[PDB]
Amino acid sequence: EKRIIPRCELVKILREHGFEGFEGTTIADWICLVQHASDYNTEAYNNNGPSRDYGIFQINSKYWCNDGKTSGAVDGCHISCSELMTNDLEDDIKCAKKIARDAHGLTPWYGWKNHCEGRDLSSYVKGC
């Protein structure tokens, strides 16, 4: 299914949630991260087989949320994965902040490492 958050709305949400400087990250980092993870879809979903990724930050069921169907899992954010599939980003924000605090940055997100880190991210934050 699809329920998009537009780019500039997400920018405002993240700025107003103190994401600038969180664990040394930038707003642009998080926008680029979302574009490559979920394509701005709050009910983005990917079932890789061993684990599933949920919501706008593509949070993984092996480590961070419980979906009841992932073998060898731990639930680091102490939430059901279905909490991460809604228009209400509060649970996504809380959990992503924990993930980034534990890693002291954005390396848990493969899209960010592969398509954002060390690049010119001006386009993701201009024009709002």
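A residue's number is simply how far along the shown sequence it sits, counting from 1.
### Query
Which wins on mean Cα temperature factor, 47-55 or 99-107?
Comparing averages over the C-alpha atoms only gives 99-107.
### Average Cα temperature factor in the PDB entry - higher stretch of 34-42, 59-67
So the stretch with the higher mean C-alpha B-factor is 59-67.
### Message
Maximum C-alpha temperature factor per the entry, among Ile79, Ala28, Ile93, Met85, belongs to which one?
### Response
Comparing C-alpha B-factors across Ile79, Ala28, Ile93, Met85, the top value belongs to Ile79.
### Query
Looking at the C-alpha B-factor of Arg7, is it in the lowest, middle or highest third of its chain?
Lowest third.
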